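Trainee: Take this structure, written in structure tokens, and hold onto it; I'll ask about it next.
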Amino acid sequence: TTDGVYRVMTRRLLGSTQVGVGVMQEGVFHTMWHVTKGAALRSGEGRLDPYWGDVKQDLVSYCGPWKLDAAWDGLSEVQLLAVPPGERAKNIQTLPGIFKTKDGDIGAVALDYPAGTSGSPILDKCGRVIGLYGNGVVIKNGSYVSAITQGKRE
Amino acid sequence: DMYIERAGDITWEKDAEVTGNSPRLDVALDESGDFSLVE
Ligand SMILES: O=C(Nc1ccc2c(c1)CNC2)c1cc(Cl)nc2[nH]ccc12
């Protein structure tokens, strides 16, 4: 339960397949809903049970409520701490674009990584998590542009 | 049964590989949390 970024793995398929990524912060595990699909997780001898989740926001928290509250300022560059399947965690600095929707504008990272990278945190200059990578759109050139998905803190 | 293994710390790293463009896309989000390009 130490704070940090974690791989989300499964043994249901061939070998150990990485289905996604998530953030442990303040005893709560945060990830994209499509990674676990709300299922319980294992952390050595311990077990993480879901606490909050939403399919539209595509988010889910384990052990407690969503703790991440920081946001992109619309101006500065961010870093995607990408954790790719079978590959070492690595920070990729980019300047986000905009997903323009009827309910508002959202930041967007135009980096392409395998779908098992879903749940990797997007960071600001203070190392604060401003969102999760993994939910976006496929553009004209086949590549992926993911939204900067952040939940609510109560 | 899904499981988790630590992959690293969450810190900002100066002198990182800077790449990627900043596109402005008109999108729509359905009840299933799936984005789609509006053109
Ligand atoms: O499929 C992806 N993401 C996803 C999947 C299922 C659902 C949602 C998002 C939200 N509603 C359920 C994905 C993620 C990433 Cl990082 N690269 C990719 N390239 C192609 C696809 C894709």
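By order of appearance in the structure tokens: chains A, B, ..., then residues from 1 within every chain, and ligands from 1 in the order shown.
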Env of residue 6 in chain B: 10 Å cut, atoms = only C-alpha atoms, seq-sep filter 6 positions within chain, self excluded. Answer as JSON, numbers by chain.

Mentor: {"A": [1, 2, 3, 4, 5, 6, 7, 8, 21, 22, 23, 24, 43]}

Trainee: Could the residues in this selection be written to a file with C-alpha atoms, as a PDB file, in the first residue's frame?

Mentor:
```pdb
ATOM      1  CA  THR A   1       0.000   0.000   0.000  1.00  0.00           C
ATOM      2  CA  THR A   2       2.969   2.411  -0.379  1.00  0.00           C
ATOM      3  CA  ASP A   3       2.124   5.575  -2.443  1.00  0.00           C
ATOM      4  CA  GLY A   4       3.210   5.361  -6.138  1.00  0.00           C
ATOM      5  CA  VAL A   5       2.361   4.008  -9.621  1.00  0.00           C
ATOM      6  CA  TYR A   6       1.425   0.284 -10.007  1.00  0.00           C
ATOM      7  CA  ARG A   7       0.920  -2.274 -12.774  1.00  0.00           C
ATOM      8  CA  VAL A   8      -2.474  -4.096 -12.912  1.00  0.00           C
ATOM      9  CA  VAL A  21      -1.968   0.800 -14.559  1.00  0.00           C
ATOM     10  CA  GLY A  22      -3.041   2.769 -11.447  1.00  0.00           C
ATOM     11  CA  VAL A  23      -2.046   5.229  -8.709  1.00  0.00           C
ATOM     12  CA  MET A  24      -1.825   4.444  -5.009  1.00  0.00           C
ATOM     13  CA  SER A  43      -1.690  -6.892  -3.467  1.00  0.00           C
TER      14      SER A  43
END
```

Trainee: Name the residues, by chain letter and number, that sit within 6 Å of ligand 1 using only C-alpha atoms and all ligand atoms, and give them as an MDAnalysis selection string.

Mentor: (chainID A and resid 34 58 113:115 117:118 134:135 144) or (chainID B and resid 32:34)

Trainee: Could you find all residues in range 32-97 of chain A that DSSP calls strand (DSSP E or B) from the backbone, and write them as a PyMOL selection string?

Mentor: chain A and resi 41-43+46-48+50-54+59-62+78-82+90-94+97

Trainee: Near residue 19 in chain B, within 8 Å and counting only C-alpha atoms, which residues show up once chain neighbours fewer than 5 positions away are dropped, as an mmCIF file with N, CA and C atoms, in the first residue's frame?

Mentor:
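Just written: result.cif:
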```cif
data_model
loop_
_atom_site.group_PDB
_atom_site.id
_atom_site.type_symbol
_atom_site.label_atom_id
_atom_site.label_comp_id
_atom_site.auth_asym_id
_atom_site.auth_seq_id
_atom_site.Cartn_x
_atom_site.Cartn_y
_atom_site.Cartn_z
ATOM 1 N N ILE A 92 7.088 11.031 -19.963
ATOM 2 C CA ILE A 92 7.118 11.598 -21.311
ATOM 3 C C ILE A 92 6.495 12.976 -21.291
ATOM 4 N N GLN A 93 7.304 14.025 -21.376
ATOM 5 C CA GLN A 93 6.790 15.390 -21.338
ATOM 6 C C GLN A 93 6.095 15.828 -22.636
ATOM 7 N N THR A 94 4.885 16.375 -22.531
ATOM 8 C CA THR A 94 4.145 16.842 -23.692
ATOM 9 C C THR A 94 3.335 18.091 -23.329
ATOM 10 N N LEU A 111 -0.189 11.066 -27.107
ATOM 11 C CA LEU A 111 0.873 10.073 -27.074
ATOM 12 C C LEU A 111 0.252 8.704 -27.336
#
```

Trainee: Compute the set of chain B residues within 6 Å of chain A, using only C-alpha atoms, and express it as a PDB file with N, CA, C and O atoms, in the first residue's frame.

Mentor:
```
ATOM      1  N   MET B   2      -7.183 -10.359 -10.632  1.00  0.00           N
ATOM      2  CA  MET B   2      -6.224  -9.299 -10.905  1.00  0.00           C
ATOM      3  C   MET B   2      -5.367  -8.947  -9.690  1.00  0.00           C
ATOM      4  O   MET B   2      -5.822  -9.049  -8.551  1.00  0.00           O
ATOM      5  N   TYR B   3      -4.106  -8.572  -9.944  1.00  0.00           N
ATOM      6  CA  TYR B   3      -3.136  -8.205  -8.914  1.00  0.00           C
ATOM      7  C   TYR B   3      -2.316  -6.970  -9.293  1.00  0.00           C
ATOM      8  O   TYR B   3      -2.309  -6.570 -10.456  1.00  0.00           O
ATOM      9  N   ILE B   4      -1.664  -6.333  -8.294  1.00  0.00           N
ATOM     10  CA  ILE B   4      -0.870  -5.138  -8.528  1.00  0.00           C
ATOM     11  C   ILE B   4       0.581  -5.261  -8.014  1.00  0.00           C
ATOM     12  O   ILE B   4       0.836  -5.861  -6.960  1.00  0.00           O
ATOM     13  N   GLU B   5       1.529  -4.704  -8.785  1.00  0.00           N
ATOM     14  CA  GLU B   5       2.956  -4.662  -8.439  1.00  0.00           C
ATOM     15  C   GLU B   5       3.427  -3.212  -8.616  1.00  0.00           C
ATOM     16  O   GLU B   5       3.107  -2.597  -9.631  1.00  0.00           O
ATOM     17  N   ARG B   6       4.223  -2.687  -7.673  1.00  0.00           N
ATOM     18  CA  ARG B   6       4.728  -1.314  -7.792  1.00  0.00           C
ATOM     19  C   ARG B   6       5.639  -1.159  -8.985  1.00  0.00           C
ATOM     20  O   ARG B   6       6.506  -2.003  -9.236  1.00  0.00           O
ATOM     21  N   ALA B   7       5.437  -0.083  -9.731  1.00  0.00           N
ATOM     22  CA  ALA B   7       6.227   0.235 -10.915  1.00  0.00           C
ATOM     23  C   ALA B   7       7.116   1.479 -10.731  1.00  0.00           C
ATOM     24  O   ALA B   7       7.988   1.699 -11.554  1.00  0.00           O
ATOM     25  N   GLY B   8       6.899   2.276  -9.681  1.00  0.00           N
ATOM     26  CA  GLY B   8       7.706   3.470  -9.451  1.00  0.00           C
ATOM     27  C   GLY B   8       7.039   4.575  -8.655  1.00  0.00           C
ATOM     28  O   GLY B   8       5.918   4.409  -8.180  1.00  0.00           O
ATOM     29  N   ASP B   9       7.753   5.700  -8.470  1.00  0.00           N
ATOM     30  CA  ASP B   9       7.301   6.875  -7.719  1.00  0.00           C
ATOM     31  C   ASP B   9       6.649   7.874  -8.644  1.00  0.00           C
ATOM     32  O   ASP B   9       6.990   7.930  -9.828  1.00  0.00           O
ATOM     33  N   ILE B  10       5.790   8.745  -8.094  1.00  0.00           N
ATOM     34  CA  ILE B  10       5.193   9.805  -8.888  1.00  0.00           C
ATOM     35  C   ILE B  10       5.875  11.133  -8.577  1.00  0.00           C
ATOM     36  O   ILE B  10       5.544  11.796  -7.594  1.00  0.00           O
ATOM     37  N   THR B  11       6.873  11.491  -9.407  1.00  0.00           N
ATOM     38  CA  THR B  11       7.657  12.725  -9.311  1.00  0.00           C
ATOM     39  C   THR B  11       7.827  13.358 -10.688  1.00  0.00           C
ATOM     40  O   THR B  11       7.861  12.647 -11.697  1.00  0.00           O
ATOM     41  N   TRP B  12       7.982  14.688 -10.730  1.00  0.00           N
ATOM     42  CA  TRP B  12       8.248  15.367 -11.996  1.00  0.00           C
ATOM     43  C   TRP B  12       9.749  15.197 -12.252  1.00  0.00           C
ATOM     44  O   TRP B  12      10.571  15.350 -11.331  1.00  0.00           O
ATOM     45  N   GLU B  17      12.139  12.930 -22.068  1.00  0.00           N
ATOM     46  CA  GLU B  17      11.917  12.912 -23.512  1.00  0.00           C
ATOM     47  C   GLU B  17      10.629  13.702 -23.869  1.00  0.00           C
ATOM     48  O   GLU B  17       9.531  13.234 -23.584  1.00  0.00           O
ATOM     49  N   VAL B  18      10.779  14.914 -24.445  1.00  0.00           N
ATOM     50  CA  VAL B  18       9.669  15.801 -24.827  1.00  0.00           C
ATOM     51  C   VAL B  18       9.151  15.479 -26.231  1.00  0.00           C
ATOM     52  O   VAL B  18       9.848  15.740 -27.206  1.00  0.00           O
ATOM     53  N   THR B  19       7.930  14.935 -26.345  1.00  0.00           N
ATOM     54  CA  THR B  19       7.368  14.591 -27.652  1.00  0.00           C
ATOM     55  C   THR B  19       5.841  14.698 -27.661  1.00  0.00           C
ATOM     56  O   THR B  19       5.215  14.776 -26.604  1.00  0.00           O
ATOM     57  N   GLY B  20       5.249  14.712 -28.857  1.00  0.00           N
ATOM     58  CA  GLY B  20       3.802  14.754 -28.990  1.00  0.00           C
ATOM     59  C   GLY B  20       3.270  16.122 -29.320  1.00  0.00           C
ATOM     60  O   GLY B  20       3.777  17.131 -28.826  1.00  0.00           O
ATOM     61  N   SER B  22      -0.262  18.933 -29.897  1.00  0.00           N
ATOM     62  CA  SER B  22      -1.415  19.380 -29.103  1.00  0.00           C
ATOM     63  C   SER B  22      -2.626  19.631 -29.993  1.00  0.00           C
ATOM     64  O   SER B  22      -2.880  20.770 -30.383  1.00  0.00           O
ATOM     65  N   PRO B  23      -3.400  18.598 -30.335  1.00  0.00           N
ATOM     66  CA  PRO B  23      -4.536  18.814 -31.248  1.00  0.00           C
ATOM     67  C   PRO B  23      -5.827  19.301 -30.601  1.00  0.00           C
ATOM     68  O   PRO B  23      -6.122  18.923 -29.465  1.00  0.00           O
ATOM     69  N   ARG B  24      -6.615  20.117 -31.335  1.00  0.00           N
ATOM     70  CA  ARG B  24      -7.933  20.558 -30.849  1.00  0.00           C
ATOM     71  C   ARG B  24      -9.017  19.758 -31.587  1.00  0.00           C
ATOM     72  O   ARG B  24      -9.287  20.006 -32.762  1.00  0.00           O
ATOM     73  N   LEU B  25      -9.624  18.790 -30.891  1.00  0.00           N
ATOM     74  CA  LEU B  25     -10.618  17.889 -31.474  1.00  0.00           C
ATOM     75  C   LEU B  25     -12.027  18.088 -30.926  1.00  0.00           C
ATOM     76  O   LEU B  25     -12.207  18.098 -29.719  1.00  0.00           O
ATOM     77  N   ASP B  26     -13.032  18.148 -31.806  1.00  0.00           N
ATOM     78  CA  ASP B  26     -14.433  18.235 -31.408  1.00  0.00           C
ATOM     79  C   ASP B  26     -14.889  16.813 -31.076  1.00  0.00           C
ATOM     80  O   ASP B  26     -14.921  15.983 -31.984  1.00  0.00           O
ATOM     81  N   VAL B  27     -15.180  16.497 -29.791  1.00  0.00           N
ATOM     82  CA  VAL B  27     -15.565  15.120 -29.444  1.00  0.00           C
ATOM     83  C   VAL B  27     -16.921  15.047 -28.690  1.00  0.00           C
ATOM     84  O   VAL B  27     -17.470  16.073 -28.289  1.00  0.00           O
ATOM     85  N   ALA B  28     -17.485  13.832 -28.566  1.00  0.00           N
ATOM     86  CA  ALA B  28     -18.732  13.576 -27.846  1.00  0.00           C
ATOM     87  C   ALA B  28     -18.554  12.337 -26.987  1.00  0.00           C
ATOM     88  O   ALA B  28     -17.921  11.378 -27.417  1.00  0.00           O
ATOM     89  N   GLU B  31     -22.969   7.520 -22.905  1.00  0.00           N
ATOM     90  CA  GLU B  31     -23.308   6.964 -21.598  1.00  0.00           C
ATOM     91  C   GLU B  31     -22.369   5.824 -21.164  1.00  0.00           C
ATOM     92  O   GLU B  31     -22.272   5.539 -19.979  1.00  0.00           O
ATOM     93  N   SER B  32     -21.647   5.206 -22.101  1.00  0.00           N
ATOM     94  CA  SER B  32     -20.693   4.145 -21.781  1.00  0.00           C
ATOM     95  C   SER B  32     -19.258   4.653 -21.507  1.00  0.00           C
ATOM     96  O   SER B  32     -18.357   3.845 -21.263  1.00  0.00           O
ATOM     97  N   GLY B  33     -19.052   5.964 -21.537  1.00  0.00           N
ATOM     98  CA  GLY B  33     -17.734   6.536 -21.314  1.00  0.00           C
ATOM     99  C   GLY B  33     -16.820   6.428 -22.523  1.00  0.00           C
ATOM    100  O   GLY B  33     -15.606   6.531 -22.386  1.00  0.00           O
ATOM    101  N   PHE B  35     -15.450   7.983 -26.080  1.00  0.00           N
ATOM    102  CA  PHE B  35     -15.343   9.198 -26.884  1.00  0.00           C
ATOM    103  C   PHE B  35     -15.475   8.868 -28.377  1.00  0.00           C
ATOM    104  O   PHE B  35     -15.190   7.751 -28.825  1.00  0.00           O
TER     105      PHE B  35
END
```

Trainee: Rounded to one decimal place, report the CA of residue 154 in chain A-CA of residue 65 in chain A distance in Å.

Mentor: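 Going from CA of residue 154 in chain A over to CA of residue 65 in chain A covers 7.9 Å.
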
Trainee: Could you tell me how far CA of residue 132 in chain A sits from CA of residue 14 in chain A, in Å to one decimal place?

Mentor: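 Answer for the CA of residue 14 in chain A to CA of residue 132 in chain A separation: 26.8 Å.
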